[PDB]
Amino acid sequence: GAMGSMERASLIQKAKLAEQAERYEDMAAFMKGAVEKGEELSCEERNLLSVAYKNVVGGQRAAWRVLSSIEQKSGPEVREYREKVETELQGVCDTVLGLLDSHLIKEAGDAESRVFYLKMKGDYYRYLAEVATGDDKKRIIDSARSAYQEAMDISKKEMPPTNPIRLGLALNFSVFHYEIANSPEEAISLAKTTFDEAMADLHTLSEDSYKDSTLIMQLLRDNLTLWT
Amino acid sequence: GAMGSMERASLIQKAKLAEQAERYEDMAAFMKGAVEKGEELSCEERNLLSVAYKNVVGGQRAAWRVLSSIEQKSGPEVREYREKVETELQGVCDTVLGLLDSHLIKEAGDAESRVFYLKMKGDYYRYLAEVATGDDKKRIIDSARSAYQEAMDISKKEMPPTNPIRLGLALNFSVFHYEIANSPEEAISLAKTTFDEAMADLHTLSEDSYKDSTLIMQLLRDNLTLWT
Amino acid sequence: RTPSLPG
Amino acid sequence: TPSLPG
Ligand SMILES: *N1CCC[C@@H]1[C@@H](c1ccccc1)c1cccc(C)c1
Ligand SMILES: *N1CCC[C@@H]1[C@@H](c1ccccc1)c1cccc(C)c1
Ligand SMILES: [Cl-]
Ligand SMILES: [Cl-]
Ligand code: NA
Ligand code: NA
Ligand code: NA
Ligand code: NA
């Protein structure tokens, strides 16, 4: 890796500088280098990793959607350029999935980190599914579901129902069901069950945790209103 | 080069799609390929080329300023990363200056294109000057001045004082005087005489040309009232 | 810095 | 449908 000769601590420092400079491709490359050192990530570090790649893939997804919209309205140039952006998006998703499989998920030292990474795996397969077709899409969808489901199983056993990571996983898994897997019934059931089981415990939470949890509950609610 | 097998018209079309998707690195690469076909750019195509590279170097300049400020307030990591961004910025400026010198700047042009490209040459040397130090800075500063001055001489002989390209050149040359060349009196004098000479000829213009010209006049006045 | 032409 | 914004 291009970052193999740089100290782990220097890579983390430069990731934070890149964030300040809004250089998210650099930030992602620095965080990739830090992951490839082979050590576990702290909570702050895996948030840096997530933010960096979300900004990168988010820009590619938005560009892909612009180009796909022009293509659908409509020579080969629009399709060609959409395919170029698509291939770059797939490359970034493959890179993130590679970090998670080699070896962030298996090395995660606590349930919260494990769930965080398995959710991320589901998310990046989901981003692949948005642009995939045919048999590849079907394989990708099954991979996304399996990752999300493993995260669900762990979060149910190890995390309280108001935990923000558990809630965020349920949010994204239910979006997967509705938007990708054409399973609106599963999306609604998952969001509803998650919402109810969190609501039961809101009174046990501090002021800040209550705000955190109801924030994501409202995200579940917005999706339920769209869906129901 | 990676664009050599693509049709000129397809490169221009994809530059326009890249602009819609806000993919300015791609846009610049497509326009570079179009320039390398060896045909003169139209007015519209010159604007595509300029917008593309403006946005690329704009992001690099903004990041450089962030990192330089952090470095000034302050291990080698900040300097290393500022130097990385600086080198990439210089690489883009060198690319643009290379396109101008190898393909676009000619003796036998229409005044509009000759002034456009010499102004651009001045701008990209000015961006190099922003990050240069010492005597190296001195030669870069004189290269910017020489390009702006040649553009000014042509613009005063061959274009009316309301011409928007002429006005934009005067605006940027005045900024060069104020910010780079330590000549605020010359900056102010140039902005004032340019504004006043355009004002006096607005009565010759249609509604459309009037809007084009007065928008740049307003920028000149903004800088004058900032500076005085 | 003083603003330059925005295009 | 929107996903988690972070
Ligand atoms: N600025 C220099 C050349 C390209 C850009 C101008 C432009 C862009 C796109 C179409 C037409 C012109 C431009 C844009 C905005 C303001 C000015 C003063 C110039
Ligand atoms: N989203 C998942 C991991 C990173 C991002 C969360 C986050 C980003 C930066 C610092 C802390 C956390 C995040 C951000 C905003 C809202 C939520 C629900 C999560
Ligand atoms: Cl392409
Ligand atoms: Cl670096
Ligand atoms: Na075409
Ligand atoms: Na060719
Ligand atoms: Na003329
Ligand atoms: Na003033």
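Naming: A, B, ... by sequence-line order, numbering from 1 per chain. Only heavy atoms go into these numbers, but all of them, side chains included; no hydrogens, no water, no symmetry mates. Whatever order the structure lists ligands and atoms in, that order sets their numbers, starting from 1.
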>> Show, in sequence, the C-alpha distance, side-chain angles and deciding distance for B:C43 and B:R46, and conclude whether the side-chain contact (heavy atoms from CB on, under 4.5 Å) test is met.
In response: CA-CA 5 Å; B:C43 181; B:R46 292 192 296 272; 3.6 Å; yes
>> Before you tell me yes or no, could you show the steps for A:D142 and A:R145 under salt bridge (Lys or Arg N to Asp or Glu O under 4.0 Å), namely the whole-Å CA-CA distance, both residues' side-chain angles and the distance that decides it to 0.1 Å?
In response: CA-CA 5 Å; A:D142 284 350; A:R145 183 184 295 103; 2.9 Å; yes
>> Using 30° and 60° as the class boundaries, would you call the ring planes of A:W227 and A:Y178 parallel, tilted or perpendicular?
In response: parallel
>> Considering only residues two or more places apart or on different chains, which pairs with a residue in residues 117-134 of chain B satisfy salt bridge (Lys or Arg N to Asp or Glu O under 4.0 Å)?
In response: B:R61-B:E130, B:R65-B:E130, B:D101-B:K121, B:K119-B:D123, B:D123-B:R126, B:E130-C:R1
>> Less than 4.0 angstrom from a charged side-chain N to a carboxylate O is my criterion; do A:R82 and A:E71 meet it?
In response: yes
>> Please check this pair: side chain of B:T87 against backbone of B:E83, looking for a donor-acceptor N/O pair closer than 3.5 Å.
In response: yes
> What residues, two or more places apart in sequence or in another chain, satisfy side chain to side chain donor-acceptor pair (under 3.5 Å) together with B:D222?
Replying inline: none
> So what's near the Na ion (ligand 8), protein N, O or S atoms under 3.0 Å?
Replying inline: B:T225 O
> What do the steps show when you test B:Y124 against B:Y53 for ring pair (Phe, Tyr, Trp, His ring centres under 6.0 Å), and what is the final call?
Replying inline: CA-CA 10 Å; B:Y124 280 81; B:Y53 278 110; 7.0 Å; no
> Among protein atoms, how many N/O/S atoms lie less than 3.0 Å from the Na ion (ligand 7)?
Replying inline: 1
>> Using side-chain heavy atoms (C-beta onward) and a distance below 4.5 Å, is A:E36 in contact with A:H103?
In response: no
